[PDB]
Structure formats: C-alpha cells, structure tokens
Amino acid sequence: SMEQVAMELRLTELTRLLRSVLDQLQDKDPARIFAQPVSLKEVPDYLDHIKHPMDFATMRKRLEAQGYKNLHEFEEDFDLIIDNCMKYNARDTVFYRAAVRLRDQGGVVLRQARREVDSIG
C-alpha cells in the first residue's frame, strides 16, 4: 500500500535524524569507553551485575536495521549505556566519570533532537 510506503519513509527519515544524533553523542566519548560491548571474556561476572548491556556499536546495528520506532526507544538505549556504567563502576573511576560527562553533554543534543522530531513530525 501507499500508506505503508509513507510510514516507511517516515521511519527512514527518523533513522537519518537518529544517525546524526548518534554521531553527535558518540563524539562526547572521545576516550571510546562506550564504543563496544563490555567483553564477557574480560569481565566474566558482568551479566550478574548488568541485566541489559548496551554500547554504541550495538545501537548502531539496531539503527541500521531501522530498529528504532521513535526517539524514546533510542533514548532508552543511550540511558542504558550511562546507567549501566554508573552502577558497575565506582564514583572515583575514569569509567563512571566518563559516563557523567556523556550524560551531561548528551542532554544538550537530545533536548534539540526532541524538538526536531516533534517539529518535522
């Protein structure tokens, strides 16, 4: 149907906007602390601590399959990256501090992304 095509173009345009948002958020992680999944070979107990691991490569895979239906879903995954790190790692660690900085700087980006998603539709 033509309706299904139009909805698919909307998903595509949302995907385009989320790709730009993702690139901007990942720039706020110049250390690349959040680039890849935590390795279970190197942190064997991780899944005892963290039930829903997340990282920017996993988000990029979901995005490229057009797996985010709305900005809320995308935000949920970004907040898992931050929140998981702030639970597993202590306040005095380079990891935790990296997450706080990503959260604060990412907030700016996400605030305008929300306006753009409402604005364009």
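Residues numbered from 1 in each chain as written, not as in the entry; some residues may be left out. Heavy atoms only, no water. Residues with missing side-chain atoms left out of burial classes, pairs and counts.

Method of determination, as given in the entry header: X-ray crystallography; reported resolution: 1.6100 Å.

Colleague: Would you mind going over the overall build of the protein with me for this structure?
Modeller: For the protein, the helix and strand inventory stands at five helices and zero strands. Secondary structure elements of the protein occur, N-terminal to C-terminal, as α-α-α-α-α. If one aligns the C-alpha atoms of the protein with their principal axes, the spans along those axes are about 50 × 30 × 20 Å. (Helix = DSSP H or I, 4+ residues; strand = E, 2+ residues; numbered from the N terminus.)

Colleague: Hey, could you run me through the packing of helix 1 (residues 2-27) against helix 3 (residues 56-64) in this one?
Modeller: Each pair of packed helices can be summarised by the angle the axes make with each other and by the distance between the axes. At their nearest, the axes of helix 1 and helix 3 sit 10 Å apart, and the two run at 170° to each other. By the criterion of interaxial angle, the relationship of helix 1 to helix 3 is roughly antiparallel. Each of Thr 15, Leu 18, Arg 19, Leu 22, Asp 23, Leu 25 and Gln 26 in helix 1 lies in contact with helix 3, whose residues at this interface are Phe 56, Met 59, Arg 60, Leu 63 and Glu 64. (Axes fitted to C-alpha atoms, helices over the stretch in contact; angles between N-to-C directions. Parallel < 35°, antiparallel > 145°, perpendicular 65-115°, else oblique. Contact = heavy atoms within 4.5 Å.)

Colleague: Could you clarify how one ought to interpret the pattern of salt bridges in this entry?
Modeller: Opposite charge on two side chains allows them to pair when their charged atoms are near. A complete count under the given rule lists six salt bridges for this structure. A salt bridge links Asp 118 to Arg 114; its shortest N-O distance comes to 3.1 Å. Linking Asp 118 with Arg 114, this pair stays in helix 5 (residues 94-120), spanning four residues, or about one helical turn. What makes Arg 114 partly exposed here is its relative accessible area of 34%. (Salt bridge = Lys/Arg side-chain N within 4 Å of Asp/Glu carboxyl O. Buried < 20%, exposed > 50% of the residue type's maximum accessible area, 1.4 Å probe, protein only.)

Colleague: It is not clear to me how the nonpolar core should be interpreted in this structure. Could you clarify?
Modeller: One broad rule of soluble globular proteins: the nonpolar side chains tend to lie buried together. Counting 26 residues, the largest nonpolar core has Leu 25, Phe 34, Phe 56, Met 59, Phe 74 and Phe 78 as the members making the most contacts within it. Looking at this core, the elements that each hand over two or more residues are helix 1, helix 3, helix 4 (71-88) and helix 5. Examining the composition of this core, we find that eight residues originate from one element, helix 5, more than from any other. For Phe 78, the residues in contact, after removing those within four places along its chain, are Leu 25, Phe 56, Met 59, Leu 102, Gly 106 and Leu 110. (Core = buried A, V, L, I, M, F, W, Y, C linked by side-chain atoms within 4.5 Å.)

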